[PDB]
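Here's model.tsv, which has TSV, C-alpha atoms:
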```tsv
chain	number	residue	atom	x	y	z
V	1	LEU	CA	10.66	-1.67	23.76
V	2	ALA	CA	13.06	-4.53	24.41
V	3	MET	CA	10.31	-7.00	23.57
V	4	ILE	CA	9.40	-4.99	20.45
V	5	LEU	CA	12.95	-4.78	19.05
V	6	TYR	CA	13.71	-8.39	19.91
V	7	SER	CA	10.39	-9.38	18.36
V	8	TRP	CA	11.44	-7.65	15.14
V	9	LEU	CA	14.94	-9.12	15.23
V	10	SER	CA	13.16	-12.48	15.42
V	11	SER	CA	10.75	-11.46	12.63
V	12	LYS	CA	10.87	-13.16	9.23
V	13	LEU	CA	10.88	-9.89	7.28
V	14	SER	CA	13.90	-8.75	9.25
V	15	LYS	CA	17.27	-9.45	7.64
V	16	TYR	CA	18.95	-10.44	10.93
V	17	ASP	CA	19.95	-14.01	11.78
V	18	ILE	CA	18.11	-14.77	15.04
V	19	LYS	CA	19.77	-18.19	15.31
V	20	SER	CA	23.31	-16.89	14.75
V	21	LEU	CA	22.67	-13.76	16.82
V	22	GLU	CA	22.10	-15.79	19.98
V	23	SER	CA	24.84	-18.29	19.07
V	24	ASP	CA	9.64	-34.21	16.35
V	25	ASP	CA	12.49	-31.68	16.31
V	26	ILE	CA	10.17	-28.67	16.33
V	27	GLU	CA	12.34	-25.60	16.95
V	28	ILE	CA	11.61	-23.80	20.22
V	29	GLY	CA	10.70	-20.65	18.31
V	30	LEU	CA	8.75	-17.41	18.32
V	31	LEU	CA	5.72	-17.72	16.00
V	32	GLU	CA	5.65	-15.05	13.28
V	33	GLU	CA	1.99	-14.36	14.03
V	34	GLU	CA	3.24	-13.66	17.56
V	35	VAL	CA	5.70	-11.06	16.29
V	36	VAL	CA	2.92	-8.75	15.16
V	37	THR	CA	0.86	-9.32	18.32
V	38	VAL	CA	3.94	-8.46	20.39
V	39	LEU	CA	4.44	-5.31	18.32
V	40	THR	CA	0.79	-4.27	18.67
V	41	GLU	CA	0.48	-4.97	22.39
V	42	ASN	CA	3.78	-3.35	23.28
V	43	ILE	CA	3.69	-0.24	21.08
V	44	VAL	CA	0.49	0.75	22.91
V	45	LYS	CA	2.63	0.62	26.05
V	46	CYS	CA	5.48	2.38	24.26
V	47	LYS	CA	3.27	5.08	22.72
V	48	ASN	CA	5.17	8.37	22.44
V	49	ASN	CA	8.24	6.28	21.48
V	50	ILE	CA	9.79	7.09	18.12
V	51	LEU	CA	11.63	3.85	17.37
V	52	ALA	CA	8.61	1.63	18.12
V	53	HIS	CA	6.46	3.65	15.73
V	54	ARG	CA	9.10	3.54	13.01
V	55	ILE	CA	9.54	-0.21	13.35
V	56	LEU	CA	5.80	-0.90	13.49
V	57	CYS	CA	5.20	1.17	10.36
V	58	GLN	CA	7.98	-0.70	8.59
V	59	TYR	CA	6.49	-4.07	9.59
V	60	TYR	CA	2.98	-3.12	8.45
V	61	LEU	CA	4.25	-1.76	5.11
V	62	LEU	CA	6.39	-4.85	4.46
V	63	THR	CA	3.14	-6.86	4.65
V	64	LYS	CA	1.29	-4.47	2.31
V	65	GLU	CA	-1.04	-3.44	5.15
V	66	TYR	CA	-0.72	0.20	4.09
V	67	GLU	CA	-4.03	1.30	5.61
V	68	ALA	CA	-2.67	0.34	9.04
V	69	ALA	CA	0.60	2.20	8.52
V	70	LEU	CA	-0.83	5.67	7.80
V	71	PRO	CA	-1.78	6.64	11.36
V	72	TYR	CA	1.36	5.23	12.98
V	73	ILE	CA	3.45	7.23	10.51
V	74	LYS	CA	1.36	10.38	10.84
V	75	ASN	CA	1.71	10.12	14.61
V	76	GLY	CA	5.35	9.15	14.23
V	77	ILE	CA	6.23	12.39	12.48
V	78	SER	CA	4.36	14.27	15.19
V	79	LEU	CA	6.59	12.73	17.83
V	80	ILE	CA	9.74	13.77	15.96
V	81	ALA	CA	8.54	17.37	15.77
V	82	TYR	CA	7.45	17.28	19.42
V	83	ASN	CA	10.53	15.45	20.63
V	84	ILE	CA	12.84	18.00	19.03
V	85	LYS	CA	11.13	20.98	20.67
V	86	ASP	CA	11.92	20.08	24.29
V	87	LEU	CA	14.72	17.50	24.12
V	88	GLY	CA	16.44	18.99	21.09
V	89	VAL	CA	17.09	15.58	19.56
V	90	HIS	CA	17.55	15.34	15.80
V	91	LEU	CA	17.24	12.16	13.74
V	92	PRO	CA	17.17	13.23	10.07
V	93	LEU	CA	17.40	9.81	8.43
V	94	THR	CA	14.48	8.60	10.53
V	95	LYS	CA	12.25	11.53	9.58
V	96	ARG	CA	13.17	10.99	5.93
V	97	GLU	CA	12.25	7.31	6.22
V	98	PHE	CA	8.94	8.09	7.95
V	99	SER	CA	8.09	10.58	5.24
V	100	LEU	CA	9.03	8.00	2.61
V	101	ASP	CA	6.65	5.52	4.26
V	102	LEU	CA	3.91	8.13	4.23
V	103	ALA	CA	4.60	8.65	0.52
V	104	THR	CA	4.22	4.94	-0.26
V	105	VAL	CA	0.97	4.78	1.71
V	106	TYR	CA	-0.23	7.82	-0.25
V	107	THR	CA	0.90	5.98	-3.38
V	108	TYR	CA	-1.13	2.82	-2.73
V	109	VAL	CA	-3.90	3.56	-0.16
V	110	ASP	CA	-6.73	4.92	-2.31
V	111	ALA	CA	-5.72	4.81	-5.94
V	112	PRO	CA	-5.39	8.35	-7.32
V	113	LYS	CA	-6.34	10.68	-4.46
V	114	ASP	CA	-3.10	11.31	-2.58
V	115	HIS	CA	-0.68	10.74	-5.49
V	116	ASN	CA	-0.05	14.43	-6.03
V	117	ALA	CA	1.23	14.78	-2.47
V	118	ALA	CA	3.19	11.54	-2.69
V	119	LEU	CA	5.07	13.02	-5.67
V	120	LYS	CA	5.96	16.24	-3.86
V	121	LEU	CA	7.12	14.09	-0.96
V	122	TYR	CA	9.13	11.70	-3.14
V	123	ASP	CA	10.87	14.65	-4.75
V	124	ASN	CA	11.28	16.26	-1.32
V	125	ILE	CA	13.31	13.27	-0.08
V	126	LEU	CA	14.79	12.38	-3.48
V	127	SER	CA	16.55	15.77	-3.51
V	128	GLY	CA	18.95	14.25	-1.00
V	129	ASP	CA	19.40	10.69	-2.28
V	130	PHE	CA	18.87	11.12	-6.06
V	131	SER	CA	19.76	7.43	-6.61
V	132	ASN	CA	16.88	6.14	-4.45
V	133	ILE	CA	14.95	3.22	-5.92
V	134	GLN	CA	11.93	2.98	-3.60
V	135	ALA	CA	11.04	6.58	-4.47
V	136	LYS	CA	11.68	6.34	-8.20
V	137	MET	CA	9.42	3.31	-8.35
V	138	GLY	CA	6.83	5.48	-6.63
V	139	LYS	CA	7.19	8.29	-9.16
V	140	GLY	CA	7.13	5.51	-11.74
V	141	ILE	CA	3.75	4.13	-10.70
V	142	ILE	CA	2.36	7.65	-10.32
V	143	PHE	CA	3.43	8.48	-13.87
V	144	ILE	CA	2.06	5.15	-15.13
V	145	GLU	CA	-1.22	6.31	-13.59
V	146	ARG	CA	-1.05	9.73	-15.25
V	147	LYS	CA	-0.60	8.28	-18.74
V	148	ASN	CA	2.76	10.05	-18.63
V	149	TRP	CA	4.85	7.15	-19.87
V	150	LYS	CA	7.96	8.96	-21.21
V	151	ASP	CA	9.01	9.44	-17.59
V	152	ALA	CA	7.51	6.22	-16.20
V	153	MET	CA	9.72	4.19	-18.54
V	154	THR	CA	12.94	6.09	-17.84
V	155	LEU	CA	12.45	5.82	-14.07
V	156	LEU	CA	11.28	2.22	-14.16
V	157	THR	CA	14.26	1.17	-16.28
V	158	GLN	CA	16.67	2.70	-13.81
V	159	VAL	CA	14.97	1.08	-10.81
V	160	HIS	CA	14.66	-2.20	-12.72
V	161	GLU	CA	18.40	-2.15	-13.46
V	162	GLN	CA	18.80	-2.29	-9.68
V	163	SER	CA	16.45	-5.23	-9.05
V	164	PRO	CA	15.30	-7.88	-11.54
V	165	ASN	CA	14.21	-9.57	-8.31
V	166	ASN	CA	11.00	-7.55	-8.20
V	167	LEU	CA	8.20	-8.44	-10.61
V	168	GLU	CA	6.04	-5.41	-9.84
V	169	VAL	CA	8.67	-3.14	-11.38
V	170	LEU	CA	9.22	-5.47	-14.36
V	171	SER	CA	5.50	-5.56	-15.10
V	172	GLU	CA	5.05	-1.82	-14.62
V	173	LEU	CA	8.07	-1.25	-16.84
V	174	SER	CA	6.88	-3.66	-19.52
V	175	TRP	CA	3.58	-1.78	-19.45
V	176	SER	CA	5.40	1.55	-19.61
V	177	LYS	CA	7.37	0.07	-22.49
V	178	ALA	CA	4.29	-1.22	-24.30
V	179	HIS	CA	2.47	2.09	-24.13
V	180	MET	CA	5.61	3.74	-25.45
V	181	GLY	CA	5.79	1.57	-28.58
V	182	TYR	CA	8.33	-1.16	-27.89
V	183	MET	CA	5.58	-3.73	-27.73
V	184	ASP	CA	7.60	-6.90	-28.25
V	185	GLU	CA	9.92	-6.29	-25.30
V	186	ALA	CA	6.87	-5.54	-23.17
V	187	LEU	CA	4.98	-8.62	-24.33
V	188	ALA	CA	8.08	-10.70	-23.61
V	189	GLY	CA	8.70	-9.04	-20.26
V	190	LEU	CA	5.19	-9.77	-19.08
V	191	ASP	CA	5.56	-13.44	-20.08
V	192	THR	CA	8.44	-13.73	-17.61
V	193	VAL	CA	6.43	-11.58	-15.22
V	194	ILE	CA	3.59	-14.16	-15.32
V	195	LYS	CA	5.56	-17.37	-14.75
V	196	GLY	CA	7.91	-15.74	-12.26
V	197	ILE	CA	5.09	-15.12	-9.76
V	198	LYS	CA	4.25	-18.78	-9.19
V	199	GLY	CA	1.86	-17.99	-6.34
V	200	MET	CA	-1.70	-18.82	-5.29
V	201	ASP	CA	-1.93	-16.23	-2.51
V	202	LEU	CA	-5.11	-14.15	-2.67
V	203	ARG	CA	-2.94	-11.16	-3.60
V	204	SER	CA	-1.03	-13.24	-6.17
V	205	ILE	CA	-3.90	-14.65	-8.26
V	206	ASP	CA	-5.39	-11.29	-9.22
V	207	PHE	CA	-1.91	-10.05	-10.07
V	208	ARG	CA	-1.35	-13.06	-12.32
V	209	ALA	CA	-4.70	-12.16	-13.89
V	210	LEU	CA	-3.61	-8.52	-14.09
V	211	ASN	CA	-0.46	-9.32	-16.03
V	212	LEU	CA	-2.40	-11.87	-18.09
V	213	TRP	CA	-4.77	-9.04	-19.01
V	214	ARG	CA	-1.93	-6.57	-19.63
V	215	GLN	CA	-0.22	-8.96	-22.03
V	216	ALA	CA	-3.52	-9.19	-23.93
V	217	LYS	CA	-3.94	-5.41	-24.04
V	218	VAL	CA	-0.43	-5.13	-25.46
V	219	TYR	CA	-1.22	-8.05	-27.80
V	220	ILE	CA	-4.03	-5.84	-29.15
V	221	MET	CA	-1.60	-2.93	-29.30
V	222	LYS	CA	0.31	-5.33	-31.55
V	223	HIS	CA	-2.84	-5.56	-33.72
V	224	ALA	CA	-2.82	-1.76	-33.85
V	225	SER	CA	0.14	-2.17	-36.24
V	226	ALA	CA	-2.98	-6.24	-41.07
V	227	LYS	CA	-2.38	-9.61	-39.34
V	228	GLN	CA	-5.59	-11.26	-38.10
V	229	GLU	CA	-3.93	-13.72	-35.72
V	230	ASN	CA	-2.61	-11.99	-32.56
V	231	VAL	CA	-5.99	-10.56	-31.50
V	232	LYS	CA	-7.02	-14.21	-31.18
V	233	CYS	CA	-4.08	-14.74	-28.83
V	234	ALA	CA	-5.27	-11.76	-26.83
V	235	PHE	CA	-8.71	-13.42	-26.67
V	236	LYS	CA	-7.02	-16.54	-25.26
V	237	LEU	CA	-5.09	-14.61	-22.59
V	238	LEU	CA	-8.28	-12.80	-21.56
V	239	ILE	CA	-10.18	-16.11	-21.44
V	240	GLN	CA	-7.46	-17.43	-19.15
V	241	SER	CA	-7.74	-14.28	-16.98
V	242	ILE	CA	-11.49	-14.59	-16.60
V	243	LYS	CA	-10.96	-18.31	-16.03
V	244	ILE	CA	-8.41	-17.81	-13.23
V	245	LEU	CA	-9.74	-14.79	-11.37
V	246	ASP	CA	-13.49	-15.24	-12.03
V	247	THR	CA	-14.06	-11.79	-10.46
V	248	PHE	CA	-11.84	-9.98	-12.95
V	249	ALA	CA	-13.92	-7.36	-14.77
V	250	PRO	CA	-11.22	-6.02	-17.14
V	251	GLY	CA	-10.99	-9.50	-18.61
V	252	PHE	CA	-14.66	-9.42	-19.52
V	253	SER	CA	-14.44	-5.79	-20.63
V	254	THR	CA	-11.48	-6.37	-22.95
V	255	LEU	CA	-12.91	-9.69	-24.12
V	256	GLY	CA	-16.01	-7.58	-24.79
V	257	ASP	CA	-13.96	-5.02	-26.71
```
For the file at hand, write its structure as structure tokens.
Amino acid sequence: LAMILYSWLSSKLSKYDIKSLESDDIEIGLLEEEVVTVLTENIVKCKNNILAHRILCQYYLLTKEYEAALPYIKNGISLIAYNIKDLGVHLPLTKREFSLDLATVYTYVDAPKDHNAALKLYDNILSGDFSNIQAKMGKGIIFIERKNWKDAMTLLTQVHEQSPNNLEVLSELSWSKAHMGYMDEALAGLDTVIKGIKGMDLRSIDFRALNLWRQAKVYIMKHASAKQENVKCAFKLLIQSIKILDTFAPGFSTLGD
């Protein structure tokens, strides 16, 4: 457990200052790819430990490896319910976090399947916090999925007001705004949302393409309401999308539309 917690404290995701904490010029350091391996090796030795599970789940979720998180969370909750029965220990905040994590996994894992449960869960924990962003963004995405924009917008605005740092929310909001009928703001929001990414990561490119495609869709929604021009702009954005991703069907579909 020591090794696990220290490993996390040393981790890049972690908000702690490892240099200050202990206070060709290659720093005698712990490799990030070693953090995870430490976690994995040592949690197997710490199995039946609550904290280790929590922390591992957090790490895996922070890296968008949701599929890996689900079992560690599921098991994690089991510990809490088992640990309370004999020891009589209570850790409410932890349980609430775990459940939250489960909700997110249910939100992303397979697209629409476990959303309905995620919602019940989000509400279940939201009842306490009310202000919570991570949950409202969840509900947001769920509602964006369910073509239920009137709520998606209102939630997404409130979570966006907390963090213009995050582009996912800004894009999802812009989308929720476009579908609502404030198309210009959406179109503009996406434009920031495209440049702001500035990544070539495998997970970044398709997202650039995604927003590129979204902008186009909205650009057609602009054509919904005599001008012949903007559709042509949509065509350009799509062409870009197809050009960048090369495996991006919706680009070809829309460009086909």
Ref. answer, residues at most 9 Å from (1.2, -8.6, -27.9) with all atoms listed in the file, as a list in words
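Final list of nearby residues, as requested, is residues 178, 183, 184, 186, 187, 188, 215, 216, 217, 218, 219, 220, 221, 222, 223, 230, 231, 233 and 234 of chain V.
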Name all residues at most 10 Å from residue 172 (chain V) (count all atoms listed in the file; drop same-chain ones fewer than 4 positions away) and give them as an NGL selection string.
:V and (137 or 140-141 or 144 or 152-153 or 156-157 or 160 or 167-168 or 176-178 or 186 or 189-190 or 193 or 211 or 214)
For the residues in the current selection, export C-alpha atoms as a PDB file, in the frame of the given file.
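Result written to result04.pdb:
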```
ATOM      1  CA  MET V 137       9.420   3.310  -8.350  1.00  0.00           C
ATOM      2  CA  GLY V 140       7.130   5.510 -11.740  1.00  0.00           C
ATOM      3  CA  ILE V 141       3.750   4.130 -10.700  1.00  0.00           C
ATOM      4  CA  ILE V 144       2.060   5.150 -15.130  1.00  0.00           C
ATOM      5  CA  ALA V 152       7.510   6.220 -16.200  1.00  0.00           C
ATOM      6  CA  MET V 153       9.720   4.190 -18.540  1.00  0.00           C
ATOM      7  CA  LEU V 156      11.280   2.220 -14.160  1.00  0.00           C
ATOM      8  CA  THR V 157      14.260   1.170 -16.280  1.00  0.00           C
ATOM      9  CA  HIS V 160      14.660  -2.200 -12.720  1.00  0.00           C
ATOM     10  CA  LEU V 167       8.200  -8.440 -10.610  1.00  0.00           C
ATOM     11  CA  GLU V 168       6.040  -5.410  -9.840  1.00  0.00           C
ATOM     12  CA  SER V 176       5.400   1.550 -19.610  1.00  0.00           C
ATOM     13  CA  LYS V 177       7.370   0.070 -22.490  1.00  0.00           C
ATOM     14  CA  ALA V 178       4.290  -1.220 -24.300  1.00  0.00           C
ATOM     15  CA  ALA V 186       6.870  -5.540 -23.170  1.00  0.00           C
ATOM     16  CA  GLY V 189       8.700  -9.040 -20.260  1.00  0.00           C
ATOM     17  CA  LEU V 190       5.190  -9.770 -19.080  1.00  0.00           C
ATOM     18  CA  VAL V 193       6.430 -11.580 -15.220  1.00  0.00           C
ATOM     19  CA  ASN V 211      -0.460  -9.320 -16.030  1.00  0.00           C
ATOM     20  CA  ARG V 214      -1.930  -6.570 -19.630  1.00  0.00           C
TER      21      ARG V 214
END
```
Could you please determine the separation between CA of residue 201 (chain V) and CA of residue 69 (chain V) in Å, to one decimal place?
21.6 Å
Could you work out how far CA of residue 105 (chain V) lies from CA of residue 71 (chain V), giving the answer in Å with one decimal?
10.2 Å
Contacts of residue 61 (chain V) within 12 Å, only C-alpha atoms, excl. fewer than 2 positions in-chain, as an mmCIF file with C-alpha atoms, in the coordinates of the input:
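Output file around_12.cif is given in full below:
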```cif
data_model
loop_
_atom_site.group_PDB
_atom_site.id
_atom_site.type_symbol
_atom_site.label_atom_id
_atom_site.label_comp_id
_atom_site.auth_asym_id
_atom_site.auth_seq_id
_atom_site.Cartn_x
_atom_site.Cartn_y
_atom_site.Cartn_z
ATOM 1 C CA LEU V 13 10.880 -9.890 7.280
ATOM 2 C CA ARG V 54 9.100 3.540 13.010
ATOM 3 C CA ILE V 55 9.540 -0.210 13.350
ATOM 4 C CA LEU V 56 5.800 -0.900 13.490
ATOM 5 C CA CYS V 57 5.200 1.170 10.360
ATOM 6 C CA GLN V 58 7.980 -0.700 8.590
ATOM 7 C CA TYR V 59 6.490 -4.070 9.590
ATOM 8 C CA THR V 63 3.140 -6.860 4.650
ATOM 9 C CA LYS V 64 1.290 -4.470 2.310
ATOM 10 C CA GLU V 65 -1.040 -3.440 5.150
ATOM 11 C CA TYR V 66 -0.720 0.200 4.090
ATOM 12 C CA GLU V 67 -4.030 1.300 5.610
ATOM 13 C CA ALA V 68 -2.670 0.340 9.040
ATOM 14 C CA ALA V 69 0.600 2.200 8.520
ATOM 15 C CA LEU V 70 -0.830 5.670 7.800
ATOM 16 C CA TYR V 72 1.360 5.230 12.980
ATOM 17 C CA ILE V 73 3.450 7.230 10.510
ATOM 18 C CA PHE V 98 8.940 8.090 7.950
ATOM 19 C CA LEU V 100 9.030 8.000 2.610
ATOM 20 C CA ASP V 101 6.650 5.520 4.260
ATOM 21 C CA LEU V 102 3.910 8.130 4.230
ATOM 22 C CA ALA V 103 4.600 8.650 0.520
ATOM 23 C CA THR V 104 4.220 4.940 -0.260
ATOM 24 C CA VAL V 105 0.970 4.780 1.710
ATOM 25 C CA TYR V 106 -0.230 7.820 -0.250
ATOM 26 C CA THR V 107 0.900 5.980 -3.380
ATOM 27 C CA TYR V 108 -1.130 2.820 -2.730
ATOM 28 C CA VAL V 109 -3.900 3.560 -0.160
#
```
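The two atoms in question, CA of residue 131 (chain V) and CA of residue 155 (chain V), are spaced 10.6 Å apart.
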Find the residue from V:96, V:46, V:85, V:224 that sits nearest to residue 128 (chain V); use all atoms listed in the file when measuring.
V:96
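Shortest atom-to-atom contact with residue 76 (chain V) among V:245, V:52, V:9, V:3: V:52, counting all atoms listed in the file.
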Which polymer residues have any atom within 12 Å of an atom of residue 244 (chain V), counting all atoms listed in the file, with same-chain residues fewer than 5 positions away left out, as a list in words?
residues 200, 202, 204, 205, 206, 207, 208, 209, 210, 211, 212, 213, 237, 238, 239, 249 and 251 of chain V
So which residues touch region 27-29 of chain V within 12 Å, counting all atoms listed in the file, skipping near sequence neighbours fewer than 6 positions away, as a list in words?
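My reading of the contact set: residues 7, 10, 11, 12, 18, 19 and 35 of chain V.
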Shortest interatomic distance to residue 149 (chain V) - which of V:111, V:125, V:179, V:240, counting all atoms listed in the file
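Between V:111, V:125, V:179, V:240, the residue approaching residue 149 (chain V) most closely is V:179.
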Pick the closest to residue 95 (chain V) from V:47, V:74, V:236, V:113: which is it, counting all atoms listed in the file?
V:74
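Using only C-alpha atoms, the shortest contact distance between residue 232 (chain V) and any of V:80, V:255, V:99, V:15 is found at V:255.
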